[PDB]
Amino acid sequence: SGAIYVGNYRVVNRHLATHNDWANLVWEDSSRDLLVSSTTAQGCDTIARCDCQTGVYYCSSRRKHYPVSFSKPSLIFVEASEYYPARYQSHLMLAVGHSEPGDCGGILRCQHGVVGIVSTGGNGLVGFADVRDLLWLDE
Ligand SMILES: Cn1nc(C(=O)NCCc2cscn2)c2ccccc21
Ligand SMILES: [Zn+2]
């Protein structure tokens with residue numbers, strides 16, 4: 001689990017979105033595993049606007065943060081789960097690192113702020129859903 005709070009928005013994995021997230025829907029993209037909902041309270045996380053390929057991510061299955069090198073956001077074929085069939089997920093970044101299904105929602109951060117959130121994994125690789133291109137989150 002996990003979410004990013006910026007301004008009047010909440011950014012979550014689309015497959016983990018609650019009934020309340022869907023009732024206050026702003027934007028969703030099934031190909032990216034992302035959903036954004038509106039909030040009453042003002043969030044204060046900072047979104048990174050950069051092309052960093054190094055950062056740190058939170059791994060709840062180990063209660064630890066790991067520093068990683070990750071690829072640039074792209075279109076990668078990912079295997080099926082109970083939430084999605086096997087498909088091409090877009091705006092996805094991979095890194096060598098540990099992850100489990102329950103780790104989805106953990107934030108990946110660089111010196112500039114929040115880069116994205118854990119969304120896919122397997123074979124000793126962890127995938128993150130990029131949020132740096134969503135410029136409207138700051139207004
Ligand atoms: C981080 N992580 N996530 C999952 C997962 O099944 N849930 C996401 C659902 C999904 C499927 S394709 C994009 N999102 C996973 C499975 C094994 C190991 C690590 C993992
Ligand atoms: Zn950066």
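FYI, side chains are in, hydrogens and waters are out, and symmetry mates aren't considered; it's all heavy atoms of this structure. Positions are given from 1, in the same order as the sequence printed here. Read the numbers this way: they start at 1 and go in the same order the structure lists the ligands and their atoms.
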For atom 5 (C) of ligand 1, the option (of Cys59, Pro101, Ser31) bearing the nearest heavy atom | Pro101
Which residue from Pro85, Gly121, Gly105 reaches closest to atom 16 (C) of ligand 1 through any of its heavy atoms?
-> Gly121
Quick one: does ligand 1 sit under 4.0 Å from the side chain of [X], the backbone, both or neither, non-hydrogen atoms only?
X: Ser81; value: side chain
X: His15; value: side chain
X: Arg87; value: side chain
X: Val78; value: side chain

Report, in ascending order of atom number, the atoms of ligand 1 lying under 4.0 Å from any heavy atom of [X].
X: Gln89; result: 12 (S), 13 (C)
X: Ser99; result: 1 (C), 18 (C), 19 (C)
X: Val118; result: 1 (C)

Distance-only donor-acceptor check, side chains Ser119 and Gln89, under 3.5 Å = yes
Any side-chain donor-acceptor pair under 3.5 Å between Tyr84 and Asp33?
-> yes
The Zn ion (ligand 2) - name of the N/O/S atom of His112 that sits closest to it = ND1
Does one hydrophobic cluster hold both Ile107 and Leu34, with members joined at side-chain heavy-atom distances below 4.5 Å?
-> yes
Taking the Zn ion (ligand 2) as the vertex, measure the angle between atom SG in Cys52 and atom SG in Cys50; round to 10°.
-> 110°
Look up atom [atom1] in [X] and atom [atom2] in [Y], then write down how far apart they are to the nearest 0.5 Å.
X: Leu125; Y: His98; atom1: CG; atom2: NE2; answer: 12.5 Å
X: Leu92; Y: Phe128; atom1: CG; atom2: CZ; answer: 9.5 Å
X: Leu134; Y: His91; atom1: CG; atom2: NE2; answer: 8.0 Å

Sub-4.5 Å side-chain heavy-atom contact between [X] and [Y]:
X: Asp45; Y: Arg109; value: yes
X: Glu28; Y: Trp22; value: yes
X: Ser81; Y: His15; value: no

Atom 7 (N) of ligand 1 [closest protein heavy-atom partner, distance rounded to 0.1 Å] = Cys104 SG, 3.8 Å
Shortest protein heavy-atom distance from atom 14 (N) of ligand 1, along with the residue and atom involved = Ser119 O, 3.1 Å
